[PDB]
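Same chain, two forms, each on its own as structure tokens: structure 1, then structure 2.
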Structure 1
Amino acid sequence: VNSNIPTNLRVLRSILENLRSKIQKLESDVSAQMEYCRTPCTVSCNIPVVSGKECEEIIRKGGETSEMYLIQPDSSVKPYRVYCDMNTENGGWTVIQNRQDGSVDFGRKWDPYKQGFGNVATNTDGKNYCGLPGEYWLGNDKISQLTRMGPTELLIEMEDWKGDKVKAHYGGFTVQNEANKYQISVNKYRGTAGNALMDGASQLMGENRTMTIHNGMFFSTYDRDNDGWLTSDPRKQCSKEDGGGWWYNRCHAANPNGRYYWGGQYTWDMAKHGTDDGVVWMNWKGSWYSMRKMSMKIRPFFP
């Protein structure tokens, strides 16, 4: 009788050996990726002759195509590179943030989010100009200074791994300066993705919903806590857990700068911290779904 299923629960050998094999794999991959990263990717973005204060102005000066341009929002600002969308709904869109292939790490510290990071654009096959956008984050200061030039609207777009897409429009958009921790301010919503920014996740109720509201929040990076998650525990901070820099409350309804989970569908036992740190927009696909495309564009409103 005794020792009924002993060598039965010896399946731990099979399990462990395998994992021991799964590990030999990962170590291999990191080595190669370590080697491949001996020579950096390169682009050659010849600069379009026409320039402006921002994308909108440029399109009014003949900038018909969507590509990287050079804009100088203000005489005091050093002209900088940015990707202009001159096709989506009237063009003149200045891309602020963009996700499409997970080629860029969005979980960076405070300074990289302030300065901005990523690839503004890459070359389109043959052509000598960079007509495709890259994954990037313009920079909290450039962004702020932009929304602060005058009435600015914000168009957020996302696409799932099924081909479908939805948008979130905010007739009013405003990011304050660093001194004001880039406090986001949005209004005049309309669209097909939920109003996650101003209302919070529809899935949620009570104060649960309201604490996932982003409007009015401060900008947080994992090395800079500014989320509305009041706790002394250094481990319990939104940014650290949910992915990267963003206007976290406690914590989110939308997380444009999260982790680029492939296939969209992901789970907690996959998530580094068991939270929904993907590129989420709960209001449209729950929290366990990382979009395939996610972008943020801005443009002067009208007044």
Structure 2
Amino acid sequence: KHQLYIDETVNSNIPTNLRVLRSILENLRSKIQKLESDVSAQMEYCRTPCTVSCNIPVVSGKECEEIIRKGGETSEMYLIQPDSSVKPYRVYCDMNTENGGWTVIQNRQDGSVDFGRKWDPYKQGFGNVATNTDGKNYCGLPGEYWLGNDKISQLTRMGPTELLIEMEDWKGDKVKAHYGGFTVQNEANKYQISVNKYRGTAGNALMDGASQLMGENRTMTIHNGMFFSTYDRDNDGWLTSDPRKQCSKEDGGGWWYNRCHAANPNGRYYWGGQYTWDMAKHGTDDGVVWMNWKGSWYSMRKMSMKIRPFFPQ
């Protein structure tokens, strides 16, 4: 005789799984009107672009090294020319760190540039190099940018090239990753990457994969010897099947992916390091990362990739 099991309580317990569902449902509904509102404004703002006026330093050379030797002692945008053939290109030269002579190659610092770009833009370069100081005429400070694959592959092949990779917390901490063998092949070879001499505080992610994994797990995040793939041209360590495995999906960074990664300097720029699977556009590690330092699910606040021809130590 179970006439007591009568869940009348359910008829007056269900209003719970209602008022609640009713709450967030209406929440989202409105949030949408806010998101819809905010984007329309940005549409406006873009009726006009940002503009820089970067007068050129008289001095020039093959890269930033030569330039400093010619007296390039300040840090700002210069114009180089690795070869008589290639027409002279602009670039930010770091003349204040090690000895200076750092040909900036990549630079992430405040999320002002979609790196979630295709194969083409990566191959040619994008973003803003330097931008104007204040009252100073020249543009003495950089901005996020990719120097572009050919221009880069073109520089490494010019002779022994060392590579420095710096990064910063959202707390302030900072670490570096120095390699002495950076040499990117040409487009013909899928810009195959290859480094050779680590030394530093960030952790050798590039040729040692992530320090958090092990066994085959580790051996599958080593970027060395990896082709460069973009969301529009896969060159990872995958296999043609259900793209649930494809290292660079939409608006994802272009990089030398291999069974994905240990590091991704051109990843997406999440604000304030900490990001979650429920925030990632596809529930993947979109961010700018260095597992061997900050681990996964933590996007850096700043990260760059400078270059300078190593000369006998």
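So that the term is clear: the rigid core is the largest set of C-alpha atoms that superpose within 1.5 Å between two forms. Residue 1 is the first residue of structure 1, and the numbers go on in sequence order from there. Residues that one form lacks are left out of the comparison.
Student: Core fitted between structures 1 and 2: which of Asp101, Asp233, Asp74, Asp111 shows a C-alpha shift of 2 angstroms or more?
Tutor: The listed residue whose C-alpha shifts by at least 2 Å is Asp233.
Student: Once the two forms are fit on the core, has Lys25 moved its CA by at least 2 Å between structures 1 and 2?
Tutor: False for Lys25: its C-alpha shift is below 2 Å.
Student: For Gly243, is the CA shift between structures 1 and 2 at least 2 Å following rigid-core superposition?
Tutor: Moves: yes, 2 Å or greater.
Student: Align both forms on the core first, then report whether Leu16 has a C-alpha shift of 2 Å or more between structures 1 and 2.
Tutor: After core superposition, the displacement of the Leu16 C-alpha between structures 1 and 2 stays below 2 Å, so no.
Student: Superpose on the rigid core and then read off how far the CA of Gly172 has moved between structures 1 and 2, in Å.
Tutor: Residue shift at the C-alpha: 1.0 Å.
Student: Where the core is superposed, what shift in Å does the CA of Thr7 undergo between structures 1 and 2?
Tutor: So the C-alpha of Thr7 has moved 4.7 Å between structures 1 and 2.
Student: Once the rigid core is superposed, list every run of three or more consecutive common residues with all C-alpha shifts of 2 angstroms or more between structures 1 and 2, in sequence order.
Tutor: Runs found: 1-10, 230-236, 241-243, listed by sequence.
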